[PDB]
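Student: Give me a 3D structure for the following:
(2 chains, ligands or ions: 2)
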Amino acid sequence: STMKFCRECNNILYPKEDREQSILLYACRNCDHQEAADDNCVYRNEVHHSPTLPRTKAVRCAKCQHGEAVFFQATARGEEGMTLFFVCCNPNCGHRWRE
Amino acid sequence: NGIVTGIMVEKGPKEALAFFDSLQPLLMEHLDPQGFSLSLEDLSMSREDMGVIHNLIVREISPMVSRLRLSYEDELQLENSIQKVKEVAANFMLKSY
Ligand SMILES: [Zn+2]
Ligand SMILES: [Zn+2]
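Tutor: Numbers count the residues shown, from 1 in each chain, chains lettered A, B, ... in the order given. Ligands and ions are numbered 1, 2, ... in the order given. Sharing the structure here:
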């Protein structure tokens, strides 16, 4: 939602709809001035939000010789239902393998 | 500590105190013509062993603190790796009299 302003008073515009033509139009509240709208959105929020996954430490990896591979529940495109996969938290791993 | 307990079992407490009062000056006089002291060479670890232990801060501790960037609660794993380093560190400085 970008703010819009009046061309006579340069105050903030107030959206206001009369159902004579089924049309939205921005109106000013200062003098009397009105004009026709262009956009659609009356309000926009983008509310907010603009590891705690379980780890093991006793399994072989592919690249690094570590025990860790974090496992979370997934349902992949070639998988089925509940599946587990193992990629090490080391960035040397980079590889996702099935059991 | 086994022998003093056996003496206290067999002949009472007033023989255990006689054991202590006969043993302690017998020890403190045995230390008198030998002495015992420290040195600067005791606190000086050798240089190639210093190079060994410095090659473990950036081998299994810097790649572990690379995981500490996001992982929080592995502090006991942290201390496990740390004491794994500390034990082999303390292993060298017991090779002195
Ligand atoms: Zn106006
Ligand atoms: Zn790997």
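
Student: Show me what the helix or strand where residue B:48 lies is packed up against.
Tutor: Using DSSP states H and E, residue B:48 sits within helix B:47-54. Counting contacts by 3 or more C-beta pairs under 8 Å, 6 or more residues apart in numbering or on different chains; DSSP states H and E, helix B:47-54 is packed against helix B:75-92. In this view, the C-beta of every residue, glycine as well, is placed from N, C-alpha and C.

Student: C-alpha coordinates for the helix it packs on, PDB please?
Tutor: C-alpha atoms of helix B:75-92 as PDB (Å, rounded to 0.1, in the frame of the first residue of the first chain):
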ATOM      1  CA  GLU B  75      28.200 -27.500  24.900                       C
ATOM      2  CA  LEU B  76      28.800 -30.900  26.300                       C
ATOM      3  CA  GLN B  77      30.000 -32.100  22.900                       C
ATOM      4  CA  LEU B  78      32.200 -29.000  23.000                       C
ATOM      5  CA  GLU B  79      33.600 -30.000  26.400                       C
ATOM      6  CA  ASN B  80      34.000 -33.600  25.300                       C
ATOM      7  CA  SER B  81      36.300 -32.500  22.400                       C
ATOM      8  CA  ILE B  82      38.000 -30.000  24.700                       C
ATOM      9  CA  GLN B  83      38.800 -32.600  27.400                       C
ATOM     10  CA  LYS B  84      39.900 -34.900  24.600                       C
ATOM     11  CA  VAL B  85      42.500 -32.200  23.800                       C
ATOM     12  CA  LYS B  86      43.200 -31.400  27.500                       C
ATOM     13  CA  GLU B  87      44.000 -35.100  28.300                       C
ATOM     14  CA  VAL B  88      46.600 -35.500  25.600                       C
ATOM     15  CA  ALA B  89      48.000 -32.100  26.600                       C
ATOM     16  CA  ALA B  90      48.400 -33.200  30.200                       C
ATOM     17  CA  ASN B  91      49.900 -36.500  29.000                       C
ATOM     18  CA  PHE B  92      53.100 -34.800  28.000                       C
END
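
Student: Over in chain B, which residue gets nearest ligand 1? Let me know.
Tutor: Relative to ligand 1, the nearest point of chain B is residue B:70 (53.6 Å; C-beta to the ion).

Student: Most distant residue from the centre of chain A?
Tutor: Residue farthest from the centre of chain A, counting by C-alpha atoms, centre = their mean, is residue A:31 at 39.7 Å.

Student: so who does residue A:5 touch?
Tutor: Residue A:5 is in contact with A:11-13, counting by C-beta atoms under 8 Å, 6 or more residues apart in numbering or on different chains.
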